[PDB]
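The next block holds one structure in the form of structure tokens; read it before the comments.
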Amino acid sequence: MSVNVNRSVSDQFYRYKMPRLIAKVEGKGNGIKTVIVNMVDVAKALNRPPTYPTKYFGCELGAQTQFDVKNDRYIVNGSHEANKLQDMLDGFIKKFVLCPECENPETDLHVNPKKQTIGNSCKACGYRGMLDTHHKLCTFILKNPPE
Amino acid sequence: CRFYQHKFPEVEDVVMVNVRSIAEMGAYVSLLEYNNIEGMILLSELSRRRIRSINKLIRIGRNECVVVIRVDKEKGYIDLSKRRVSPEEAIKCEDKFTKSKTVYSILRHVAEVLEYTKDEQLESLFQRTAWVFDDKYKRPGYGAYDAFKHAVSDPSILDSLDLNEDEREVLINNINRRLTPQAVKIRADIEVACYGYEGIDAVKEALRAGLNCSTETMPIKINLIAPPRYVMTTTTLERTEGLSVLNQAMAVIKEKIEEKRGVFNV
Amino acid sequence: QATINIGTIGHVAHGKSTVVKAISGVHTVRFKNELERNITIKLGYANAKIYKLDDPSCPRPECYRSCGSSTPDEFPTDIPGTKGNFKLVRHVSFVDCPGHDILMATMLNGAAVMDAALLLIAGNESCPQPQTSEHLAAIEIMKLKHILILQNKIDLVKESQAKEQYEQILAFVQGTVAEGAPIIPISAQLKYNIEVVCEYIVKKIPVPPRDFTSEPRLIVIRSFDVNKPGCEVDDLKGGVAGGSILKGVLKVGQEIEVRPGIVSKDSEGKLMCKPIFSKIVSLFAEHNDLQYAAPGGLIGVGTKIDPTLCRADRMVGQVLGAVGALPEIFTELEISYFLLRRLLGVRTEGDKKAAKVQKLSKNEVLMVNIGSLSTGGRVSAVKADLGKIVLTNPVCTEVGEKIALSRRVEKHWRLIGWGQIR
RNA sequence: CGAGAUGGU
RNA sequence: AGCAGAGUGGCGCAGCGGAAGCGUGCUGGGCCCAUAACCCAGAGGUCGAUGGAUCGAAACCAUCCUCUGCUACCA
């Protein structure tokens with residue numbers, strides 16, 4: 001299987017396409033993990049560091065997240081099988097990088113970590129601005145600027 | 001058998017060992033560079049901080065690096081420690097052990113001559129040649145492995161003493177079967193692309209002028225990553241000596257086209 | 001060598017591989033460690049023969065059946081004759097012209113090295129297809145009237161939509177070219193009717209005049225094959241130029257030159273640029289080596305140059321001749337010009353900025369083409385019909401009769417018109 | 001002064 | 001074509017010239033009233049062809065084979 005990057009658009013010819021995201025449920029009750037297997041390839045296909053899309057699930061779900069250089073596992077704590085992610089797999093696009101003028105997420109970020117500001121720019125119609133101040137992930141991005 | 005000059009280890013230096021059992025006060029161990037003699041590591045000497053399980057610091061049959069903290073010569077008692085050992089000293093211990101295991105693998109096989117009835121022949125073959133080849137160098141830090149490497153390039157080392165033909169050939173083979181890939185260790189990188197409209201005639205000097213006064217038979221080896229990235233091998237010399245030929249070759253490669261109306265970055 | 005050379009010309013999404021194989025037996029390609037797309041996007045070639053039996057048909061190299069291989073489920077077949085002995089009509093080879101307007105300079109060069117055009121048509125976009133003017137108006141301005149049309153990808157298209165295509169084209173050409181080019185239909189999947197293309201390249205196309213004894217002229221476009229293996233890493237074969245001889249007999253060991261050549265290093269500008277010249281080392285055509293050559297045919301010419309010039313097509317659109325030849329070399333240009341009556345390149349159901357071209361200004365860089373070359377042109381002085389410019393690389397011609405002009409009217413240059421030297 | 005969360009019948 | 005990896009003993013990461021190598025996954029047992037954390041033990045075994053030193057060859061060294069990786073070309 002393969003998919004469009006976002007399912008709010010039903011078009012077969014939509015500009016954005018990527019591999020599936022698949023995960024393992026591991027352990028037993030009071031200590032369950034969900035580990036995301038494709039995360040480095042999905043982060044490469046979306047042109048972002050793999051910390052940002054992993055951190056967004058913990059911000060929405062109300063859950064802990066882990067990262068590890070010794071084992072390369074990316075983890076969201078608790079059981080999040082099937083619909084518990086797959087109803088909202090669009091979200092890292094749908095709550096950040098859709099343009100309000102047109103539904104075309106051909107979109108870039110630049111971080112000014114010395115001055116508490118994240119700049120945003122979409123190629124599709126020239127839409128520019130910043131990320132939202134009520135939204136969760138802004139406090140993580142300013143402490144973790146892009147490569 | 002023993003691998004070294006002396007009957008017992010000296011205090012405050014590192015030995016290679018193998019673990020045999022674990023008890024209430026410590027682990028019991030056999031030293032490998034000596035003839036399997038007994039010593040022990042106390043449980044207080046394993047770590048600077050709290051131990052979650054002992055089985056993941058030590059288990060039976062694994063090889064290990066430790067210092068000798070005390071010795072009594074008369075009773076044959078040796079105390080060992082692991083809290084002391086830095087990772088550079090563990091690498092140094094593996095080099096001493098590898099240089100010793102290779103020499104011993106020669107002498108143990110060379111001993112399979114005459115009657116070979118007892119370990120007396122092993123101790124007699126260890127004495128004289130192999131012992132006088134490194135007793136002189138204990139302080140500089142060499143072993144008989146270096147004397148064997150000298151005996152490979154010139155057998156006059158062996159001719160200086162009473163000798164056997166296995167002791168000549170097995171000694172040489174346990175270096176040469178590993179040393180014979182004396183492979184290429186320098187190549188040049190050149191950015192040249194040629195202006196010359198006579199090139200198919202003229203560049204056949206730049207391909208061949210790289211060293212003076214050779215035989216007419218002397219080869220060189222030439223390579224290419226892509227057409228604007230020219231590469232050459234410096235007469236198969238090692239990286240300890242070929243640095244002059246490297247600097248000369250790249251100068252000659254540019255000279256034999258700048259002589260011929262070309263111009264390039266120096 | 002050859003008697004005539006034919007340019008296969010078209011637009012995006014029309015295909016290439018099946019029809020270029022059908023007319024020649026040769027797959028047009030460029031080597032890359034990557035998948036083959038719908039088009040060969042940049043100028044290429046396909047070597048060929050044209051032959052018959054005693055009765056009109058185009059056989060395979062085994063003469064008894066026309067049996068196909070382009071579709072997995074069927075074996076479309078006919079008998080040209082009972083294993084009859086084949087007869088060659090004439091020696092021919094194909095110029096595989098660019099598949100996209102992005103390469104329009106290289107397309108005008110491809111249209112100049114051909115003696116005649118094949119123009120290719122397909123059902124994949126709406127009826128009034130615009131390249132039917134864009135190529136043929138320039139081809140008439142470079143005086144090459146010899147044209148044919150070939151309807152390729154129509155395997156699932158009805159006869160009324162195939163009509164509506166050629167009829168809206170027949171209405172559209174009224175301001176840009178004469179209608180007098182024959183149309184041949186085929187199948188792209190089944191190889192149906194393809195031997196009528198072979199018959200029409202005998203029926204429509206003449207052999208053109210050239211001088212066999214006047215001073216040598218050659219056009220070059222291609223870096224021909226030189227390969228990595230060798231016991232000497234530099235200059236084992238020397239660089240080979242792919243081109244077509246315009247004028248004069250040619251021979252091995254002759255000194256030949258390229259007119260625009262190169263700008264000399266340590267020059268402060270356009271001064272000290274010079275031709276480049278050498279003895280011809282070898283010749284290639286029709287899968288044979290040669291010692292001698294003639295005007296009017298595609299050929300490979302061997303030279304002493306570094307193969308680092310040949311690992312890519314650096315040699316696109318160059319004019320060559322005998323060492324020390326007369327024809328004037330231009331590094332700056334005096335121009336007079338005229339612009340197209342519509343903006344052109346693509347079309348749909350109604351107007352998309354198709355109005356007349358806005359006038360030129362001095363604060364801009366043109367792409368400008370002469371003979372079978374190309375260069376970038378920067379303005380010294382201009383008016384809406386006339387100007388004076390300086391060139392980022394030199395160019396040459398035997399007479400200043402024509403130029404073709406392209407402007408940065410959007411992100412990449414489009415053709416906007418033509419002109420002459422003053 | 002090592003680490004010591006949680007609760008269908 | 002330049003340089004590098006792989007060729008399971010258990011998914012997956014590929015140690016070092018000693019017959020699993022360690023962090024991890026799977027399966028079972030202990031501890032607790034019980035679940036997680038923690039602790040311990042298991043898994044039928046020449047790892048592509050042809051030569052050579054060895055107590056020994058996936059892992060010391062030649063010569064062939066094939067696909068990837070980065071460069072980037074016999075096509």
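Every residue, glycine among them, receives a Cβ derived from its backbone with ideal geometry; neighbour counts consider all protein chains shown. Where a number appears in this text, it was derived from the coordinates with a stated rule and is not lab data.
What the table below lists for this structure:
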{"item": "For chain B: Kirkwood Rh in Å [reciprocal of mean 1/r, alpha carbons]", "result": "23.8"}
{"item": "Average silhouette area of the protein assembly as shown, convex hull of alpha-carbon atoms, in square nanometres", "result": "57.9"}
{"item": "Kirkwood Rh, Cα atoms: Rg over Rh of region C:336-379", "result": "1.04"}
{"item": "Kirkwood hydrodynamic radius of region B:158-232, from inverse mean 1/r over distinct Cα pairs, in Å", "result": "17.1"}
{"item": "Region C:1-127: equivalent-ellipsoid semi-axes (sqrt of 5 x gyration tensor eigenvalues, Cα, Å)", "result": "28, 19, 13"}
{"item": "Intensity falloff of region B:186-266 expressed as log10 I(q)/I(0), Debye formula with alpha-carbon point scatterers, at q = 0.25 Å⁻¹", "result": "-1.40"}
{"item": "Region C:195-225 and region A:5-50: distance between their alpha carbon centers, rounded to Å", "result": "58"}
{"item": "Normalised convex hull volume, region C:286-330, alpha-carbon set, Å³ per residue", "result": "154"}
{"item": "Region C:224-344: C-alpha gyration tensor shape, a/c 1.5 cut-off, then a/b vs b/c", "result": "prolate"}
{"item": "Per residue Cα convex hull volume in Å³ - calculated over region C:361-411", "result": "91"}
{"item": "Size of charge dipole - chain B - debye, nearest 20, with Cβ of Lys, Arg +1 and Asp, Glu -1, no other charges", "result": "1420"}
{"item": "Within region A:78-147: Cβ-based charge dipole about Cα centre, in debye rounded to nearest 20 (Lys, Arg +1; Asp, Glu -1)", "result": "420"}
{"item": "Per-residue mean of C-beta atoms belonging to partner chains within 10 Å, peptide A:16-27", "result": "0"}
{"item": "Tail beyond 26 Å, pair distance distribution of region C:272-422 (Cα, percent)", "result": "42"}
{"item": "All-pairs Cα distance distribution in region C:227-293, expressed in whole percent, bin size 5 Å", "result": "3, 12, 18, 19, 16, 15, 10, 5, 1, 0"}
{"item": "Computed Rg/Rh of region B:16-136, alpha carbon atoms with Kirkwood Rh", "result": "1.04"}
{"item": "Helix B:144-153 vs. chain B, principal-axis angle (Cα, 0 to 90°, nearest 10)", "result": "30"}
{"item": "Peptide B:190-202 - average C-beta neighbours from other chains (10 Å radius)", "result": "5"}
{"item": "Burial ranking of peptide ranges B:254-266, C:370-382 (average Cβ count within 10 Å, highest at the top)", "result": "C:370-382, B:254-266"}
{"item": "Debye log10 I(q)/I(0) at q = 0.16, 0.24 Å⁻¹ for region B:124-166, Cα point scatterers", "result": "-0.39, -0.87"}
{"item": "Tail beyond 18 Å, pair distance distribution of region C:155-211 (Cα, percent)", "result": "54"}
{"item": "Förster-model FRET efficiency, 56 Å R0, B:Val113 and A:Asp68, C-beta, rounded to 0.05", "result": "0.45"}
{"item": "Spread of Cα-to-Cα distances over 5 Å intervals beginning at zero, given as percent, for region B:64-121", "result": "4, 14, 15, 13, 15, 16, 13, 8, 2, 0"}
{"item": "Largest-first principal axis extents of the Cα set of region C:171-255 (Å)", "result": "59, 41, 27"}
{"item": "Prolate/oblate/rounded call for region C:73-201, Cα gyration tensor, a/c under 1.5 rounded", "result": "oblate"}
{"item": "Span per principal axis, largest first, for the Cα atoms of region C:116-177 (Å)", "result": "36, 21, 14"}
{"item": "At 0.692 mPa s and 37 °C, Stokes diffusion of region C:25-94 via Kirkwood alpha-carbon radius, µm² per second", "result": "223"}
{"item": "Extension reserve of the C:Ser126-C:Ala294 stretch, reckoned as 0.36 nm per residue once the Cα distance is removed", "result": "56.1 nm"}
{"item": "Proximal charge balance of B:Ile190 [Cβ under 11 Å; K/R count +1, D/E count -1]", "result": "0"}
{"item": "More than 22 Å apart - percent of Cα-Cα pairs taken over region C:153-312", "result": "64"}
{"item": "Along each principal axis, Cα extent of region C:283-371, largest first, Å", "result": "56, 36, 29"}
{"item": "Shielding by partners - mean other protein chain Cβ count within 10 Å, residues of C:271-278", "result": "1"}
{"item": "Net charge, B:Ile78 excluded, C-beta distance under 15 Å - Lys, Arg +1, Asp, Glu -1", "result": "-2"}
{"item": "Cα gyration tensor category, rounded, prolate or oblate, for region C:1-45 with a/c compared to 1.5", "result": "prolate"}
{"item": "10 Å-binned pair-distance histogram of chain C (Cα, whole percent)", "result": "4, 20, 30, 26, 15, 5, 1, 0"}
{"item": "Neighbourhood charge, 10 Å Cβ-Cβ cut-off, centred on B:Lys260 and excluding it, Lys, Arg +1 and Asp, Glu -1", "result": "-3"}
{"item": "Kirkwood hydrodynamic radius of chain A, Cα pairs, Å", "result": "16.5"}
{"item": "4 °C / 1.567 mPa s Stokes-Einstein diffusion coefficient of region A:47-108, Kirkwood radius on C-alpha pairs, µm²/s", "result": "98"}
{"item": "Expected-Rg normalisation [2.2 N^0.38 Å, Cα atoms] applied to region B:145-188", "result": "1.41"}
{"item": "Proximal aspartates and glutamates relative to C:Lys362, as straight alpha-carbon distance under 18 Å, when same-chain residues fewer than 8 apart are discounted", "result": "C:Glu332, C:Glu334, C:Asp385, C:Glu410"}
{"item": "Diffusion coefficient, µm² s⁻¹, Stokes-Einstein with Kirkwood Rh over alpha-carbon pairs of region B:120-266 at 25 °C and 0.890 mPa s", "result": "126"}
{"item": "Above-threshold pairs, the threshold being 19 Å between Cα atoms, out of C:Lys247/C:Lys274; A:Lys123/C:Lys352; B:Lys204/B:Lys256; A:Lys17/A:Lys44", "result": "C:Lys247/C:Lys274; A:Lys123/C:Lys352"}
{"item": "Estimated [θ] at 222 nm from DSSP helical runs (n ≥ 4, -39500 (n - 2.57)) normalised by residues in chain C, nearest 500", "result": "-3500 deg cm²/dmol"}
{"item": "Average projected area [Cα convex hull, region C:300-351], square nanometres", "result": "8.4"}
{"item": "With Cα atoms, 0 to 90° folded angle of helix A:51-61 axis to chain A main axis", "result": "70"}
